[PDB]
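Data file: final-v4.pdb. Format and content: PDB, C-alpha atoms (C1' of nucleotides).
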ATOM      1  CA  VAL A 152    -108.500  33.810  13.159
ATOM      2  CA  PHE A 153    -105.644  32.854  15.476
ATOM      3  CA  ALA A 154    -107.457  30.120  17.360
ATOM      4  CA  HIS A 155    -107.019  28.145  14.112
ATOM      5  CA  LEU A 156    -103.577  29.340  12.952
ATOM      6  CA  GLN A 157    -101.384  26.720  14.635
ATOM      7  CA  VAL A 158     -97.627  27.316  14.629
ATOM      8  CA  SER A 159     -95.089  24.806  15.948
ATOM      9  CA  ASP A 160     -91.592  24.824  17.403
ATOM     10  CA  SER A 161     -88.515  24.975  15.213
ATOM     11  CA  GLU A 162     -85.985  22.261  14.688
ATOM     12  CA  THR A 163     -83.226  22.438  17.267
ATOM     13  CA  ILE A 164     -80.625  24.025  14.982
ATOM     14  CA  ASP A 165     -76.898  23.521  15.430
ATOM     15  CA  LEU A 166     -74.512  25.556  17.560
ATOM     16  CA  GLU A 167     -72.570  26.800  14.512
ATOM     17  CA  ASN A 168     -75.361  29.003  13.135
ATOM     18  CA  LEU A 169     -74.738  31.500  15.959
ATOM     19  CA  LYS A 170     -72.467  34.520  15.981
ATOM     20  CA  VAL A 171     -72.301  37.260  18.609
ATOM     21  CA  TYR A 172     -73.143  40.663  17.158
ATOM     22  CA  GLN A 173     -72.928  44.223  18.490
ATOM     23  CA  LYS A 174     -75.842  46.498  17.644
ATOM     24  CA  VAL A 175     -75.477  49.979  16.160
ATOM     25  CA  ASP A 176     -77.924  52.845  15.754
ATOM     26  CA  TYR A 177     -77.758  55.403  12.952
ATOM     27  CA  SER A 178     -78.981  58.984  12.582
ATOM     28  CA  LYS A 179     -75.917  60.946  11.432
ATOM     29  CA  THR A 180     -73.073  58.656  12.535
ATOM     30  CA  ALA A 181     -73.018  54.929  13.277
ATOM     31  CA  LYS A 182     -72.856  55.223  17.079
ATOM     32  CA  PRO A 183     -71.639  52.113  18.955
ATOM     33  CA  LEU A 184     -73.835  50.741  21.725
ATOM     34  CA  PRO A 185     -72.700  48.546  24.667
ATOM     35  CA  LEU A 186     -75.175  45.733  23.979
ATOM     36  CA  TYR A 187     -74.088  42.295  22.787
ATOM     37  CA  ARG A 188     -76.531  39.697  21.482
ATOM     38  CA  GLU A 189     -75.748  36.249  20.087
ATOM     39  CA  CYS A 190     -77.838  36.338  16.923
ATOM     40  CA  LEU A 191     -78.112  33.829  14.077
ATOM     41  CA  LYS A 192     -75.788  33.655  11.102
ATOM     42  CA  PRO A 193     -77.246  34.780   7.766
ATOM     43  CA  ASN A 194     -78.450  32.053   5.374
ATOM     44  CA  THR A 195     -79.533  29.757   8.227
ATOM     45  CA  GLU A 196     -82.303  27.305   7.314
ATOM     46  CA  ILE A 197     -84.960  26.958  10.036
ATOM     47  CA  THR A 198     -87.750  24.387   9.716
ATOM     48  CA  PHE A 199     -91.241  24.803  11.182
ATOM     49  CA  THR A 200     -94.733  23.570  10.481
ATOM     50  CA  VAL A 201     -97.833  25.785  10.330
ATOM     51  CA  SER A 202    -101.495  24.810  10.021
TER      52      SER A 202
ATOM     53  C1'   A B   1    -168.536  -5.486 106.993
ATOM     54  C1'   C B   2    -168.511  -1.921  99.259
ATOM     55  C1'   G B   3    -170.863  -7.721  92.914
ATOM     56  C1'   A B   4    -167.019  -8.334  96.392
ATOM     57  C1'   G B   5    -161.583 -10.430  97.501
ATOM     58  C1'   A B   6    -157.046 -11.851  95.398
ATOM     59  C1'   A B   7    -154.774 -11.184  89.432
ATOM     60  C1'   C B   8    -148.307  -7.158  85.890
ATOM     61  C1'   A B   9    -152.021  -7.086  79.011
ATOM     62  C1'   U B  10    -148.023 -10.128  79.922
ATOM     63  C1'   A B  11    -144.435 -13.954  77.105
ATOM     64  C1'   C B  12    -141.415 -14.960  72.280
ATOM     65  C1'   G B  13    -139.628 -11.376  67.795
ATOM     66  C1'   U B  14    -132.734  -7.739  64.453
ATOM     67  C1'   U B  15    -136.436  -2.007  61.063
ATOM     68  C1'   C B  16    -134.240  -6.058  58.296
ATOM     69  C1'   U B  17    -133.160  -7.807  53.026
ATOM     70  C1'   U B  18    -131.263  -6.225  47.482
ATOM     71  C1'   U B  19    -128.489  -1.706  45.630
ATOM     72  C1'   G B  20    -121.160   1.786  42.533
ATOM     73  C1'   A B  21    -123.097   9.129  43.918
ATOM     74  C1'   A B  22    -122.955   7.297  39.243
ATOM     75  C1'   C B  23    -122.895   9.184  34.048
ATOM     76  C1'   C B  24    -121.021  12.708  29.990
ATOM     77  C1'   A B  25    -116.836  17.073  30.179
ATOM     78  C1'   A B  26    -108.814  18.993  27.063
ATOM     79  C1'   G B  27    -107.211  23.982  32.728
ATOM     80  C1'   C B  28    -108.232  25.862  28.203
ATOM     81  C1'   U B  29    -108.567  30.291  24.997
ATOM     82  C1'   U B  30    -106.379  35.023  22.448
ATOM     83  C1'   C B  31    -100.191  36.456  24.011
ATOM     84  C1'   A B  32     -92.993  37.926  20.026
ATOM     85  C1'   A B  33     -89.230  38.859  25.937
ATOM     86  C1'   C B  34     -89.960  42.960  24.045
ATOM     87  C1'   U B  35     -89.320  48.273  24.271
ATOM     88  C1'   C B  36     -86.439  52.988  24.547
ATOM     89  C1'   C B  37     -81.948  55.489  25.405
TER      90        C B  37
END
Let me see whether you can do it: turn the structure in this file into structure tokens.
Amino acid sequence: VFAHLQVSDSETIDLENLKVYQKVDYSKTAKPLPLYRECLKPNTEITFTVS
RNA sequence: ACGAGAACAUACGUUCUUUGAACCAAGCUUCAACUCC
């Protein structure tokens, strides 16, 4: 199947769709973790093409 | 006091002329920078 499913690269999105987040894990309390990752902002439009 | 005695099978002469190791052929396929504290 996946020799025919061709995916392409995204558009190079702007530098204002990024915001640094801090991850949290949850079983009985929302425990902070010392890991920081610059994720994407919500409602960010990302354009591809797929064939 | 030999069908004998003398007498170079020798001289000159390009293994040479013409000719693509070519032709056809994707370094490619499946592949998450992710996982757990």
Practice task
Spell out the residues picked by the PyMOL selection byres ((chain B) within 12 of (chain A)) here, as an NGL selection string.
Solution key: :B and (28-31 or 37)
Exercise for the section: Calculate how many Å separate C1' of residue 25 (chain B) from CA of residue 160 (chain A), rounding to one decimal. Expected result: 29.3 Å
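Picture a line from CA of residue 161 (chain A) to CA of residue 199 (chain A); it runs 4.9 Å.
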Handout entry: Pick from A:163, A:168, A:157, A:178 nearest to residue 190 (chain A), counting all atoms listed in the file
Key =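 For residue 190 (chain A), the nearest of the candidates is A:168.
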Handout entry: Picked residues, the PyMOL selection byres ((chain A and resi 195) around 10), expected as a ChimeraX atom specification
Key = /A:164-165,167-169,191-194,196-198
Produce a file of the selected residues containing C-alpha atoms, as a compact mmCIF listing (two decimals), in the coordinates of the input.
# COMPACT_ATOMS: atom_id res chain seq x y z
CA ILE A 164 -80.62 24.02 14.98
CA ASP A 165 -76.90 23.52 15.43
CA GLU A 167 -72.57 26.80 14.51
CA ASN A 168 -75.36 29.00 13.14
CA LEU A 169 -74.74 31.50 15.96
CA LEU A 191 -78.11 33.83 14.08
CA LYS A 192 -75.79 33.66 11.10
CA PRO A 193 -77.25 34.78 7.77
CA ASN A 194 -78.45 32.05 5.37
CA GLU A 196 -82.30 27.30 7.31
CA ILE A 197 -84.96 26.96 10.04
CA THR A 198 -87.75 24.39 9.72
Practice task
Have a look at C1' of residue 26 (chain B) and CA of residue 200 (chain A) and let me know their distance in Å, one decimal.
Solution key: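 Here the two named atoms are 22.2 Å from each other.
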